[PDB]
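Below: one structure, written as structure tokens.
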Ligand code: HEM
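Residue numbers (UniProt numbering): 2 to 154.
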């Protein structure tokens, strides 16, 4: 996947993320649910949100949003030595949450969108680089385990 240099850039940028996980976790999820309204239907818990406003005005989402960048954070610090921590993840989104690989494709772009909005001007090309190749690795390894289980949908 990536080289040390790129792993550097990845955990450096994770730097920005750790300084405010609930605010970053919140804007990503709000990035997803408004950009792609159908992802919202997957959370019985949030299907009740109708506006952007009502979304920001929600502590539960802020909460959920911290569970996620905390679980990702975990896997990203492994530097691709995540089967351990990803295996458990692959089966729940596959079998119980039932989330399509494209929905994992969307949120990935939303990470990168989100970081440019919040850090416009110090999220450069090399960084953008290595963060994308790490979200791809993550995304491809899930694919791999989603294949294993026939989650064709
Ligand atoms: C991008 C990386 C993601 C990470 C790190 C992640 C992390 C997690 C974790 C740790 C849980 C709780 C434990 C479990 O149930 O496995 C969870 C729950 C869940 N995730 Fe994800 N998730 C990610 C992407 C997604 C996406 C893209 C969607 C939907 C488009 C999604 C939908 C859900 C749902 C529906 C649940 C359970 C709902 C609830 O809390 O009642 N996840 N996620």
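Just so it is clear, CB atoms sit at the ideal spot from N, CA and C, and this is done for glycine as well.
Under the three-state reduction of DSSP, residue 75 is assigned to helix.
Under the 8 Å Cβ criterion, the stretch 13–33 counts as touching the stretch 63–75, having at least three qualifying pairs. Within the same chain, no residue comes within 6 Å of residue 73 by CB-CB distance, once the 5 residues on both sides are set aside.
Per DSSP, the unbroken alpha helix (DSSP H) holding residue 88 starts and ends at 84–92. Looking at the backbone, the Cα of residue 104 and that of residue 40 are separated by about 7 Å. The Cβ-Cβ distance between residue 134 and residue 7 falls below 8 Å. Remark: C-beta atoms of residue 33 and residue 47 do not approach each other more closely than 8 Å. Relative to the ligand HEM, even the nearest heavy atom lies 7 Å or more away from the CB of residue 22.
Between residue 108 and residue 18, the alpha-carbon positions lie close to 15 Å from each other. Relative to the ligand HEM, residue 43 has its C-beta within less than 7 Å of a heavy atom. Ranked by Cα distance from residue 11, the options 112, 52 and 60 are led by 112.
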